[PDB]
Structures are given as structure tokens and as C-alpha cells.
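Undergrad: My questions all concern the structure below.
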Amino acid sequence: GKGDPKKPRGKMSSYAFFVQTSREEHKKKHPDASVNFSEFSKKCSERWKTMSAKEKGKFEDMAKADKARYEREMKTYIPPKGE
């Protein structure tokens with residue numbers, strides 16, 4: 001219960017960006033994992049912290065690009081009067 005309609009969720013970091021990328025790649029051979037985000041990322045992490053800043057570099061650029069989208073989305077969010 002932490003995902004309101006169209007509401008952002010804190011621009012992902014460079015690692016998390018590589019995880020969502022590892023996810024799609026893991027979706028190619030993990031029907032039983034289901035990825036409950038408590039057993040998968042643990043694995044991607046061991047697959048990210050290993051790469052070089054070069055690879056994690058373009059991902060740093062992506063997370064940075066998302067950083068701009070996060071601020072650009074607030075220009076249309078604004079919830080109602082709480083109720």
C-alpha cells in the first residue's frame with residue numbers, strides 16, 4: 001500500500017535503475033521467483049556493486065534523468081483536499 005495513482009515514488013537511484021533492468025532480464029527465466037522485492041534485488045545488488053563505475057555510470061545518468069522527471073511530475077500531481 002505505497003503507490004498512489006500517477007504519484008511518483010522518489011526518483012530511483014543508479015542501482016535501482018540497474019535492478020529494474022536486471023528484472024526484465026530476469027523475467028526471461030524466473031517464473032518461480034515472482035520477484036517479491038525482498039529476494040531479487042538482493043541478487044541484483046550482488047550483480048551491481050560488482051560492475052565498474054563506467055557501467056554504473058550510464059545508469060547514474062539515467063537515474064539522473066529520472067531525477068528531472070520526478071520534479072516535472074509534481075507539475076500535475078497535487079492531491080485533492082485530503083478527502
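Naming works like this for the C-alpha cells: A, B, ... for the chains as they're shown, residue 1 at the start of each chain, ligands 1 onward in shown order.
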Determine, counting only C-alpha atoms, which protein, DNA and RNA residues have an atom within 10 Å of an atom of residue A:48; residues of the same chain fewer than 5 positions away are not included. Present the result as a PyMOL selection string.
TA: chain A and resi 14-16+18-19+22+41+43+53+55-56
Undergrad: Residues at most 9 Å from stretch 68-78 of chain A, counting only C-alpha atoms, excluding those fewer than 2 positions away in the same chain, as a VMD selection string?
TA: chain A and resid 6 to 11 63 to 66 80
Undergrad: Apply DSSP to the structure's backbone, then extract all residues of stretch 1-82 of chain A labelled helix (DSSP H, G or I) and return them as a PDB file with C-alpha atoms, in the first residue's frame.
TA:
```pdb
ATOM      1  CA  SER A  14      21.543   4.390 -10.206  1.00  0.00           C
ATOM      2  CA  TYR A  15      21.465   0.936  -8.686  1.00  0.00           C
ATOM      3  CA  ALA A  16      17.727   0.586  -8.569  1.00  0.00           C
ATOM      4  CA  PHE A  17      17.800   1.551 -12.228  1.00  0.00           C
ATOM      5  CA  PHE A  18      20.067  -1.357 -12.934  1.00  0.00           C
ATOM      6  CA  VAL A  19      17.715  -3.573 -10.945  1.00  0.00           C
ATOM      7  CA  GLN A  20      14.658  -2.747 -12.911  1.00  0.00           C
ATOM      8  CA  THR A  21      16.886  -3.573 -15.836  1.00  0.00           C
ATOM      9  CA  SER A  22      18.011  -6.805 -14.283  1.00  0.00           C
ATOM     10  CA  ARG A  23      14.365  -7.566 -13.604  1.00  0.00           C
ATOM     11  CA  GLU A  24      13.332  -7.530 -17.223  1.00  0.00           C
ATOM     12  CA  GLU A  25      16.376  -9.653 -17.933  1.00  0.00           C
ATOM     13  CA  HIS A  26      15.433 -11.989 -15.091  1.00  0.00           C
ATOM     14  CA  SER A  41      17.129  -7.035  -5.537  1.00  0.00           C
ATOM     15  CA  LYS A  42      19.321  -8.823  -3.064  1.00  0.00           C
ATOM     16  CA  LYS A  43      20.581 -10.737  -6.056  1.00  0.00           C
ATOM     17  CA  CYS A  44      20.835  -7.781  -8.455  1.00  0.00           C
ATOM     18  CA  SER A  45      22.785  -5.949  -5.801  1.00  0.00           C
ATOM     19  CA  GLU A  46      25.413  -8.645  -5.824  1.00  0.00           C
ATOM     20  CA  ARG A  47      25.336  -8.152  -9.615  1.00  0.00           C
ATOM     21  CA  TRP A  48      25.613  -4.312  -9.439  1.00  0.00           C
ATOM     22  CA  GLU A  55      28.759   0.798 -16.449  1.00  0.00           C
ATOM     23  CA  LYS A  56      27.132   2.105 -13.323  1.00  0.00           C
ATOM     24  CA  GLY A  57      27.995   5.443 -14.903  1.00  0.00           C
ATOM     25  CA  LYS A  58      25.398   5.422 -17.680  1.00  0.00           C
ATOM     26  CA  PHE A  59      22.965   4.211 -15.069  1.00  0.00           C
ATOM     27  CA  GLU A  60      23.926   7.185 -12.996  1.00  0.00           C
ATOM     28  CA  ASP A  61      22.928   9.254 -15.962  1.00  0.00           C
ATOM     29  CA  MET A  62      19.604   7.508 -16.194  1.00  0.00           C
ATOM     30  CA  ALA A  63      18.773   7.888 -12.551  1.00  0.00           C
ATOM     31  CA  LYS A  64      19.761  11.499 -13.066  1.00  0.00           C
ATOM     32  CA  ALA A  65      17.413  11.829 -15.979  1.00  0.00           C
ATOM     33  CA  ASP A  66      14.697  10.404 -13.839  1.00  0.00           C
ATOM     34  CA  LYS A  67      15.576  12.939 -11.207  1.00  0.00           C
ATOM     35  CA  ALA A  68      14.307  15.584 -13.593  1.00  0.00           C
ATOM     36  CA  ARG A  69      11.142  13.659 -14.332  1.00  0.00           C
ATOM     37  CA  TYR A  70      10.394  13.482 -10.628  1.00  0.00           C
ATOM     38  CA  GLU A  71      10.323  17.261 -10.370  1.00  0.00           C
ATOM     39  CA  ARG A  72       8.467  17.514 -13.667  1.00  0.00           C
ATOM     40  CA  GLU A  73       5.641  15.274 -12.454  1.00  0.00           C
TER      41      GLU A  73
END
```
